[PDB]
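Engineer: before the rest arrives, take these chain(s) from the complex:
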Amino acid sequence: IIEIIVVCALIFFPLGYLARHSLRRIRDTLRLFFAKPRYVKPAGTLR
């Protein structure tokens, strides 16, 4: 009931705090995944 709701809130508050603390990591990973190069197009790593 109320106790479980408080427990879930206690779980999620530091969870969101850590998620915000890794904001740069999340942004970097998302940019790696989506991969939108608008103007700088890698031609290819040469040997």
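Structural biologist: Perfect, thanks for sending it. Numbers count the residues shown, from 1 in each chain, chains lettered A, B, ... in the order given.
Engineer: check which helix or strand covers residue A:4.
Structural biologist: Using DSSP states H and E, residue A:4 sits within helix A:2-21.
Engineer: what packs against that helix?
Structural biologist: Contacting helix A:2-21 under the criterion 3 or more C-beta pairs under 8 Å, 6 or more residues apart in numbering; DSSP states H and E is no other helix or strand. Heads up, the C-betas are built off the backbone N, CA and C, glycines and all.
Engineer: contacts for that helix, please.
Structural biologist: residue A:26 (C-beta atoms under 8 Å, 6 or more residues apart in numbering).
Engineer: nearest residue to the middle of chain A?
Structural biologist: residue A:26 (2.5 Å; C-alpha atoms, centre = their mean).
Engineer: thinking again about what came up before, restricting to C-alpha, output the helix holding residue A:4 in PDB.
Structural biologist: Extracted in PDB, the C-alpha atoms of helix A:2-21 (Å, rounded to 0.1, in the frame of the first residue of the first chain):
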ATOM      1  CA  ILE A   2       1.600   3.300   1.200                       C
ATOM      2  CA  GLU A   3       4.700   1.500   2.400                       C
ATOM      3  CA  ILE A   4       5.400  -0.100  -0.900                       C
ATOM      4  CA  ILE A   5       4.900   3.200  -2.700                       C
ATOM      5  CA  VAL A   6       7.400   4.900  -0.400                       C
ATOM      6  CA  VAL A   7       9.800   2.000  -1.000                       C
ATOM      7  CA  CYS A   8       9.400   2.500  -4.800                       C
ATOM      8  CA  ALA A   9      10.000   6.300  -4.400                       C
ATOM      9  CA  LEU A  10      13.100   5.600  -2.400                       C
ATOM     10  CA  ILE A  11      14.300   3.300  -5.100                       C
ATOM     11  CA  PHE A  12      13.600   5.700  -8.000                       C
ATOM     12  CA  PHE A  13      15.000   8.900  -6.400                       C
ATOM     13  CA  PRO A  14      18.700   7.900  -6.300                       C
ATOM     14  CA  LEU A  15      18.000   6.000  -9.500                       C
ATOM     15  CA  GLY A  16      17.100   9.200 -11.300                       C
ATOM     16  CA  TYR A  17      19.900  11.000  -9.500                       C
ATOM     17  CA  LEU A  18      22.400   8.500 -11.000                       C
ATOM     18  CA  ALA A  19      20.800   8.700 -14.400                       C
ATOM     19  CA  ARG A  20      21.200  12.500 -14.400                       C
ATOM     20  CA  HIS A  21      24.800  12.100 -13.100                       C
END
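Engineer: add chain B to what we have:
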Amino acid sequence: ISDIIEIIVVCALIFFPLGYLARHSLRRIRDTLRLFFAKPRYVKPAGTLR
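Structural biologist: Chain B added:
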């Protein structure tokens, strides 16, 4: 059962941006607290030596 799951989801949803704004505005909160009284310890002003 179903209502319990719904309420848990609702609480999680309300509390995620709660901590998001807690971290986002943490610097401003600390600054305001410093402004109010804080605790100006250690370094102490001696006087205005004119």
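Engineer: same question on what packs on helix A:2-21, but now with chain B added
Structural biologist: helix B:2-24 (3 or more C-beta pairs under 8 Å, 6 or more residues apart in numbering or on different chains; DSSP states H and E).
Engineer: what's the burial count for residue A:43?
Structural biologist: Residue A:43 has 5 neighbours, counted by other C-beta atoms under 10 Å in any protein chain shown.
Engineer: distance of whichever residue of chain A sits closest to chain B from residue B:12?
Structural biologist: Relative to chain B, the nearest point of chain A is residue A:16 (3.2 Å; C-beta to the nearest C-beta). As judged by C-beta to C-beta, to the nearest Å, residue A:16 and residue B:12 stand 10 Å apart.
Engineer: one more: residue A:24?
Structural biologist: According to C-beta to C-beta, residue A:24 stands 24 Å off from residue B:12.
Engineer: which residues touch the residue nearest to the centre of chain A?
Structural biologist: By C-beta atoms under 8 Å, 6 or more residues apart in numbering or on different chains, the contact list for residue A:26 reads residue A:19.
Engineer: cutoff 7 Å now
Structural biologist: For residue A:26, the contact set (C-beta atoms under 7 Å, 6 or more residues apart in numbering or on different chains) is empty.
Engineer: residue A:31 too?
Structural biologist: Applying C-beta under 7 Å, 6+ apart, no residues contact residue A:31.
Engineer: burial count for residue A:45?
Structural biologist: By the criterion of other C-beta under 10 Å, residue A:45 has 5 neighbours.
Engineer: then chain C, please:
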Amino acid sequence: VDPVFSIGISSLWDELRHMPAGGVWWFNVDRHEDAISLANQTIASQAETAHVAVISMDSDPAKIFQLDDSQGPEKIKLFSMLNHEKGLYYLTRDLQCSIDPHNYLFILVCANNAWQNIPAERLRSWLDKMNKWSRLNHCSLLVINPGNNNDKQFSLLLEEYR
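Structural biologist: Okay, here's chain C dropped in alongside the others:
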């Protein structure tokens, strides 16, 4: 911990040659062919484990940038950008989407008089952003600009010595 990179000049003292990771160094050349030769020599003079990449303009980098078969890193990343201000502005985000800049080197060989159309205030803001990004990512950036009327640009670079 972060290794230091070397400029491609033979018989040069390490005081003017060594470059720590996490900063920006600017190089101007009288001729674009001098820029290409210097870029190739810098590529050939780096360590095997060094992460170095080249970005050029108005050409295909695969045919104008080479490596020494006896010295230099095993492989480098080649990147091509449009000859426009937006390419330079987005460079940071594009490389972040492409390469993890930690312990990694940029060599930006621009076209002839490529930095002539960039306004002063925007150039200062871009340089500040590049320096902050270099410090944050511990990445080093080198820019080679073939130009003849960059005296005002040189003065601007002097003013942003910080």
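Engineer: the contacts of helix A:2-21 again, this time with chain C added?
Structural biologist: Contact partners of helix A:2-21, identified using C-beta under 7 Å, 6+ apart, comprise B:7, B:8, B:11, B:12, B:15, B:16, B:18, B:19, B:20, B:22, B:23, B:24.
Engineer: by contact count, what packs against the helix or strand hosting residue C:94?
Structural biologist: Secondary structure from DSSP H and E places residue C:94 in helix C:85-98. On a contact count with 3 or more C-beta pairs under 7 Å, 6 or more residues apart in numbering or on different chains; DSSP states H and E, helix C:85-98 meets helix A:23-34, strand A:40-41, helix C:120-137.
Engineer: export these as JSON lines, with columns for distance to residue C:35.
Structural biologist: Output for those, formatted as JSON lines (distance: least, C-beta to C-beta, whole Å):
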{"stretch": "helix A:23-34", "distance to residue C:35": "30"}
{"stretch": "strand A:40-41", "distance to residue C:35": "19"}
{"stretch": "helix C:120-137", "distance to residue C:35": "19"}
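Engineer: quick one: the helices in chain C, in order.
Structural biologist: C:32-44, C:61-64, C:85-98, C:120-137, C:151-159 (DSSP state H).
Engineer: on that earlier part again, list the buried residues for the helix holding residue C:94?
Structural biologist: C:85, C:87-98 (16 or more other C-beta atoms under 10 Å in any protein chain shown).
Engineer: cool, stretch A:27-36 as well?
Structural biologist: Residues A:28, A:31 are the ones in stretch A:27-36 that count as buried (16+ other C-beta under 10 Å).
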